[PDB]
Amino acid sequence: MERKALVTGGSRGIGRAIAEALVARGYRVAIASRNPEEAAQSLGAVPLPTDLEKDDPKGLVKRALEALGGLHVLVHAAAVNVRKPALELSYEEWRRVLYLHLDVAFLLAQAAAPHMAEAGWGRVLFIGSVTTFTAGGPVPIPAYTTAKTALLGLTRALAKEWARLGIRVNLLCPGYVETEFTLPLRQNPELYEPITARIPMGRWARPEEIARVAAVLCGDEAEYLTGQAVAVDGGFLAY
């Protein structure tokens, strides 16, 4: 395969859809997650079992390099969250969310960049949220909101630093998507109704619809597109 890609959180939800879209583009893909074997076998990707809440990120990148024979694309779609308001949230919980979403994003990108630079072409795709621009509405998710907003700053910073190395860095911000990660949200009218009423398209996205844009940001289409957030939200933020 052409481009070599590593997708964390690639066995479920959005990550899985992105991995599938990249395989469809002819990329050699490695899927990292706690239990990536089923997804890897089904999608035709390389499985890299890992617990990114504990395992050294650069170690995962090394494994990806060894498994793929190079590294051009990094998509950090790993998911996790502690849905509690700030007054209830413990520092440990705050750190758990910020570590996986933000610190690991930095560590993975830092480790992957030299390989992309050597190849003279790279794409880093961080995953944001509508909470990169708002506070989540009826849902108490301060840590998640902070982390997903922080990613926009990291995106701009790395895009600036690595622009001359052939690397493009962007933040894909999906809106409300039908996935297991959002399963608890959709199964409650008091929350689903008010949120959906603000989506002009009147429906939540299918993971594959989000992946179409992720693929663009991981390809030649993004040659002159870097340091930006791209929201794919059915019109939610515009409402």
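Counting begins at 1, following the sequence as shown.
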Problem set entry | 223-231 versus 10-18 - which carries the larger mean C-alpha B factor in the record | 10-18
Problem set entry | Stretch exceeding the other in mean C-alpha B-factor - 151-159, 92-100 | 92-100
For this session: Could you check 168, 72, 76, 83 and tell me which one carries the biggest Cα B-factor in the deposited entry?
Result: 83
For this session: Kindly indicate the residue among 30, 214, 191, 201 with the greatest C-alpha B-factor in the PDB record.
Result: 191
Problem set entry | Lowest, middle or highest third - CA B-factor, residue 122 | lowest
For this session: Please rank the C-alpha B-factors of the chain's modelled residues and tell me whether residue 24 sits in the lowest, middle or highest third.
Result: highest
For this session: Would you mind ranking residue 128 by its C-alpha B-factor against the rest of the chain and naming the third, lowest, middle or highest?
Result: lowest
Exercise. Hey, what third does residue 139 fall into on Cα B-factor, ranked over its chain?
Worked result: highest
For this session: Taking the chain's C-alpha temperature factors as the reference, tell me which third residue 173 falls into: lowest, middle or highest.
Result: lowest
